[PDB]
Amino acid sequence: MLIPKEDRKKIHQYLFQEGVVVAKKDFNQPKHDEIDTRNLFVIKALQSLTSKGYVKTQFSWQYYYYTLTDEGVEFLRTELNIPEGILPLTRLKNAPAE
Amino acid sequence: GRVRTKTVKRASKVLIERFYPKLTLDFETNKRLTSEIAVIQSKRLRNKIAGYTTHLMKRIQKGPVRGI
Amino acid sequence: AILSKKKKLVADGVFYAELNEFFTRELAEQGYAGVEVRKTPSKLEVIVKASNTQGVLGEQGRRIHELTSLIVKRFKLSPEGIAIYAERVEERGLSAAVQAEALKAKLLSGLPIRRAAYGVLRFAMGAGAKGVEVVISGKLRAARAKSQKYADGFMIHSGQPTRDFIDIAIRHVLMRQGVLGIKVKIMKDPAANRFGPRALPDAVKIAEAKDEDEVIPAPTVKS
Amino acid sequence: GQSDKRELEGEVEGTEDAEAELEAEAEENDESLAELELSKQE
Amino acid sequence: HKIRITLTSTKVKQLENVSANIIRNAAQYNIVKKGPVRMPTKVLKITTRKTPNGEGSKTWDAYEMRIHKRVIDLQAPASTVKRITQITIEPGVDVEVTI
RNA sequence: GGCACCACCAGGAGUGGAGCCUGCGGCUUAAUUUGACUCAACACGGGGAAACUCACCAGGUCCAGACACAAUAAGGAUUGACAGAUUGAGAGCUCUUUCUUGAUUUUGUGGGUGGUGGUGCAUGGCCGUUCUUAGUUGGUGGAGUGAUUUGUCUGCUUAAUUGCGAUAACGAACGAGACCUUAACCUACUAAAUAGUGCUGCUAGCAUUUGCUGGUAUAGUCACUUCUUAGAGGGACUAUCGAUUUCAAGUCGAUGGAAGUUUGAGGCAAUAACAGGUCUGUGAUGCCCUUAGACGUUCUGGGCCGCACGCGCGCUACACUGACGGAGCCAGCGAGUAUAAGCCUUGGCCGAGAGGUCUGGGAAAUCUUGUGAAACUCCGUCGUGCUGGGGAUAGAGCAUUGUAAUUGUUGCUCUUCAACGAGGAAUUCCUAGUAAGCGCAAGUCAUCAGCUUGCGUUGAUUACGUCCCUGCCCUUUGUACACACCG
Ligand SMILES: [Mg+2]
Ligand SMILES: [Mg+2]
Ligand SMILES: [Mg+2]
Ligand SMILES: [Mg+2]
Ligand SMILES: [Mg+2]
Ligand SMILES: [Mg+2]
Ligand SMILES: [Mg+2]
Ligand SMILES: [Mg+2]
Ligand SMILES: [Mg+2]
Ligand SMILES: [Mg+2]
Ligand SMILES: [Mg+2]
Ligand SMILES: [Mg+2]
Ligand SMILES: [Mg+2]
Ligand SMILES: [Mg+2]
Ligand SMILES: [Mg+2]
Ligand SMILES: [Mg+2]
Ligand SMILES: [Mg+2]
Ligand SMILES: [Mg+2]
Ligand SMILES: [Mg+2]
Ligand SMILES: [Mg+2]
Ligand SMILES: [Mg+2]
Ligand SMILES: [Mg+2]
Ligand SMILES: [Mg+2]
Ligand SMILES: [Mg+2]
Ligand SMILES: [Mg+2]
Ligand SMILES: [Mg+2]
Ligand SMILES: [Mg+2]
Ligand SMILES: [Mg+2]
Ligand SMILES: [Mg+2]
Ligand SMILES: [Mg+2]
Ligand SMILES: [Mg+2]
Ligand SMILES: [Mg+2]
Ligand SMILES: [Mg+2]
Ligand SMILES: [Mg+2]
Ligand SMILES: [Mg+2]
Ligand SMILES: [Mg+2]
Ligand SMILES: [Mg+2]
């Protein structure tokens, strides 16, 4: 897929920092509401990450539920060049409730 | 047709073998009596059972009936 | 936006149908049983019932945290507006949803049907169910497909009580040779029902004779 | 189990899985913000 | 104030428990009340074909969705009425309060 | 032997005959996509297709071919592109043309992925059918060496293997019945300014007798729950009395009753089963096929409507128990929106109409709406005539929806006014608010309902019986069948 380098980035600082992403299955939608790029880019960008075991993909009712594996956080540590500067948001260990 | 079933025929004649002195020849009285005698889940079945017990009671006074 | 009473309650139901199916595909491996949508002020409590509450609230409750965020982002919910809780199934043997996935997880492990099938027949009865019947349909190392019923105990089939004392679960089993369809029909004991009727409609419980006392001719006991 | 075995075995073997699992599970019952770093770019 | 509370749900027992409990709470509290007023229940009917394909006798399902709506008028200040709503929260029945 | 208006009897309405609507076959076609072939294919796939849908046809784009490699590659792997040509196209699709972007990416290998592509004769699920007929099963006991059998039956009765009864059986379970939903009753409870009423304020018209019809009334800060709504209950159990019967199960009459055909109607519905239908509902599926000149996807245009013909579900009619023309004027089931992508739409004003326009109400027991519907009723014209029945076919014109109406989407106006004069052999549905008419709403829906799903208005004739036809169920019987006669 031909994604601009900058738009591929924005997809990565949303799939990191809230490491789960939801995208409706419509390829021609101009903007996925929460990542300022084409909606089709979000589906195909994370399809590559799920192809190399960096995101789980779930499909239900024409919607994609992408979640970032713990194995994928280390890779974005090295590509976004981030340091181990805290947890995305879903790993901040807010702990469950009883 | 108006043929009563087995859940009402055997249930009606068990009432007679155990509670005959308290029973009667009145359907209205029997219907009220059976609400404290049997635990019947539905009102229509209570009336159905009491309606057949009264018929059997009305028949016993004319002689002994078979199965009770 | 502005939505009618008729169109809102149907939408609330549709929200329930889509959310529940999301958990069935995602939490299939954790014996997902059902979901309860408890509306409340300033929060939307949702109780998910699963056989295994370790697969959900695992590794510092990460999955449940990473799972509640996927629902706020798809339904445009405020991050504080929803709270998700994970609850253990009380009677694992009486929940057909857990039993069908577990059976699926055994069939998918290559286990023979009888050791697997009798594993749900006896597990249902062991939990105290009045009856249980399992139908397994599909193809197994043979081109022609077959179905087998495994009954046990007492089962009712017709009328409303089937809507009260029977829960059902259908699961498609993806095998290398085709699809296996399993139906796990479990009839709970109506005596254990705690809100609706506690017995079948034709169950008549006649009381016992309280008589055979001795009556003495005619005194009166004063005080 | 269309063989004379595995419904004989399948039956006795099915029961040891559940009977062992009610008790095992009955044992289970007895114990009844990252963009902050990018704001440091200020 | 004159405050109206509108009650809608699919199942009537829990709606009616909340309806009776609020009037009860509007009884020990000396609050004049009007209700509950039973709106004509709405039968949401959907009639589909049974067959996923188009073969067989043409047999139809007829699904239903009962919607019951009750409005109760209470004449009390808004602070008093609102705390009754959280005391009588029930999952099935939703509550909207309009002045 | 028995049951059944998907059987008949007594009958009603019809269909088959006509025109037209629609589906199927055939023929034609560039394609006229396809599934289905007795009941249980043929107004069925919710299939009322202008584009989309769409799978067919003539052409044109795109990769939305992830990922591990290898090659190429900054001295640039590659992407977009004005203008002209080209093209159906203001598709940089491609060609002249040098600009731009920058390792996302181009080529080969593997590997994918997507398919309304094939296979329902590989499958899940669902659905139809046998069949909603009345059937199915074990415990103990009896018979048999056994598989098995009895229980599960001569008779009567019922809608029913449902009951009486007879009984080597006794006592039970599923199915049936119970159950649930709906319709009919409640001046007996609970209330209602989103329901209705009487009084009362204020107010109109007509005769003056103080009366009769209205309007107004969300402050008259009223009263009430009969009508209306809906929750808690009650009520029918064939109640009582006569007949018949093994005096049993029951059946038939009356009386009372709101209801006495299981009170009417439905929902659910056993044990197995069919090579029944669906991979064209599914990001349900195995395998096979294709995968860059795609069978993926998208754009433009056409087709699914194509017409010597056969058949099926239907709509109009053949007139006077009627057509028109005025007038009267009554339901019930339901649905309804926001920065949309536009809902139901009153009221006013234009317009012969169809329709247009300006305002307002309603996310609704509040407004559309009393949906003032149509048959129907009254008064007239018509006068047995292919006539004022019937309204095809077609010409010319006016609007609406839609990017787009040509092969007329639909509506309206004038004109044209065809077969049809009650339909052969055959054949369908039906027993009471039922049949038949008569419309209305919801679904499809930007637009189009001769279709379905329901609803109410008017409202019958004739049985309430039978095994004569047709289909199914049971018993006995024969069997060389058990993949079970498609043997
Ligand atoms: Mg039953
Ligand atoms: Mg039933
Ligand atoms: Mg289900
Ligand atoms: Mg018979
Ligand atoms: Mg007979
Ligand atoms: Mg006979
Ligand atoms: Mg038939
Ligand atoms: Mg016939
Ligand atoms: Mg006849
Ligand atoms: Mg006709
Ligand atoms: Mg053809
Ligand atoms: Mg054709
Ligand atoms: Mg096209
Ligand atoms: Mg295609
Ligand atoms: Mg088949
Ligand atoms: Mg029948
Ligand atoms: Mg024996
Ligand atoms: Mg037998
Ligand atoms: Mg018998
Ligand atoms: Mg009343
Ligand atoms: Mg069924
Ligand atoms: Mg067939
Ligand atoms: Mg399918
Ligand atoms: Mg067609
Ligand atoms: Mg038809
Ligand atoms: Mg007229
Ligand atoms: Mg009305
Ligand atoms: Mg003429
Ligand atoms: Mg005419
Ligand atoms: Mg129109
Ligand atoms: Mg319509
Ligand atoms: Mg149609
Ligand atoms: Mg008859
Ligand atoms: Mg008869
Ligand atoms: Mg015959
Ligand atoms: Mg012979
Ligand atoms: Mg043989």
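What counts and what doesn't
- Within each chain the first residue of the written sequence is number 1 and the count goes on from 1 in that order, possibly differing from the entry; residues lacking coordinates are omitted.
- Chain letters and ligand numbers both follow the written order, the letters beginning at A and the numbers at 1.
- Part of a larger assembly is shown; the reported values describe that part exclusively.
- Only heavy atoms go into the side-chain values, all of them from the structure, while hydrogens and water stay out.
- For patch building, the residue pool is restricted to those with more than 30% relative accessible area and no salt bridge; the joining distance is 9 Å between like charges and 5 Å between nonpolar side chains (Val, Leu, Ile, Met, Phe, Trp, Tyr).
- The method behind every accessible area is Shrake-Rupley, applied with a 1.4 Å probe, and residues are considered shielded solely by the protein chains displayed.
- In what follows, salt bridge is the name for a side-chain nitrogen of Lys or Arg lying within 4 Å of a carboxyl oxygen of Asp or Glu.
- In this tally, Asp and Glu contribute negative charge and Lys and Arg positive charge; neither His nor the terminal groups of the chain are included.
- To locate a charge, the coordinates of NZ of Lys, CZ of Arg, CG of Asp or CD of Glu are taken.
- Helix and strand assignments come from DSSP, with helices taken as H or I runs of at least 4 residues and strands as E runs of at least 2, each series counted from the N terminus.
- The classification of residues rests on relative accessible area computed with a 1.4 Å probe and restricted to protein chains. Under 20% of the type maximum is buried, over 50% is exposed, and intermediate values are partly exposed.
- Note on definitions: a residue-residue contact is assigned when non-hydrogen atoms from the two residues lie within 4.5 Å.
- The buried area of a pairing is the accessible area, by a 1.4 Å probe, that goes missing from both parts when the two are put together, added over both.
- Each polar contact in these results corresponds to two N or O atoms within 3.5 Å; when the atoms are within protein, one needs to be able to donate a hydrogen and the other to accept it, and residues that are neighboring in sequence are counted only if both atoms are side-chain atoms.
- The criterion is simple. A nonpolar core is a set of buried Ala, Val, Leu, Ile, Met, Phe, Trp, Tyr and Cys residues joined through side-chain atoms within 4.5 Å.
- For helices, the fitted line uses only the C-alpha atoms of the stretch in contact; every axis is such a line through C-alpha atoms, and the angle between N-to-C directions lies from 0 to 180 degrees.
- Two helices that cross are described as forming a left-handed crossing if the nearer one is turned anticlockwise from the farther one by less than a right angle, and a right-handed crossing if clockwise.
- Residues are grouped as follows: nonpolar covers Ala, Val, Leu, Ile, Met, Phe, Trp, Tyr, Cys and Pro; charged covers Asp, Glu, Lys and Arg; every other residue, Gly included, is treated as polar.
- Note on pairing: two strands pair once DSSP finds at least 2 bridges between them.

Focus: a positive patch on the surface
Residue and element names in this part refer to chain B.
Okay, so step 1: On the surface, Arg2, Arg4, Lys9, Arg44 and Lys48 cluster together into a patch of positive charge.
Okay, so step 2: Position of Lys9 relative to the elements: it lies in helix α1 (residues 6–19).
Okay, so step 3: In this structure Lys9 comes out as partly exposed when scored by relative accessible area, which is 33%.

Here's the deal with the interface of chain C and chain A
Okay, so step 1: Between chain C and chain A, the residue contacts involve 20 residues of the former and 24 residues of the latter.
Okay, so step 2: Among the residues chain C hides against chain A, the three largest losses belong to C:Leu70, C:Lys73 and C:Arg74. Together they make up 29% of the total.
Okay, so step 3: Here chain C and chain A share two salt bridges between them.
Okay, so step 4: Ionic pairing is found between A:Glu18 and C:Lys73, a salt bridge with its closest N-O pair at 3.7 Å.
Okay, so step 5: Taken together, chain C and chain A are joined by seven residue pairs in polar contact.

What to know about the nonpolar core
Okay, so step 1: Core analysis: the largest hydrophobic core is formed by 24 residues, its most contacted members being C:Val134 and C:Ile136.
Okay, so step 2: Mapped by element, the contributors of at least two residues to this core are α3 (96–107), α4 (113–126), β4 (131–138) and β8 (178–187) of chain C.
Okay, so step 3: Residue contributions to this core peak at seven residues, all from α4(C).
Okay, so step 4: Excluding residues that lie within four positions of it along the chain, C:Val134 makes contacts with C:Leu103, C:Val120, C:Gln148, C:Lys149, C:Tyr150, C:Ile182 and C:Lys183.
Okay, so step 5: Counting residues in hydrophobic clusters, the runner-up holds 23 residues, among them A:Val22, C:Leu27, C:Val46 and C:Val56.

Some thoughts on the packing of helix α1 (residues 5–26) of chain C against helix α2 (residues 62–72) of chain C
All names here are of chain C.
Okay, so step 1: Running from amino to carboxyl end, α1 crosses α2 at an angle of 145°, the nearest separation of the two axes being 13 Å. Between α1 and α2 the crossing geometry is right-handed. Counting all contacts with α1, which are made through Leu19, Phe22 and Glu26, the residues of α2 involved are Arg63, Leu67, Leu70 and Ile71.
Okay, so step 2: When grouped by side-chain class, the residues that make up the contact of α1 with α2 number five nonpolar, no polar and two charged.

A word on the pairing of strand β4 (residues 60–75) of chain E
Residues and elements named next belong to chain E.
Okay, so step 1: Alignment of strand β1 (residues 2–9) against β4, held across eight bridges, turns out to be antiparallel. Residue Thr8 lies in a different strand from β4, and its bridge partner there is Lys69.
Okay, so step 2: Direction of pairing for strand β2 (residues 33–38) relative to β4: antiparallel, over a ladder of four bridges. Among the inter-strand pairings, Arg38 is bridged to a residue of β4, identified as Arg70.
Okay, so step 3: Where strand β3 (residues 42–49) meets β4, eight bridges bridge the pair, whose relative direction is antiparallel.

Everything listed here is a matter of coordinates, which is why it stays silent on function.
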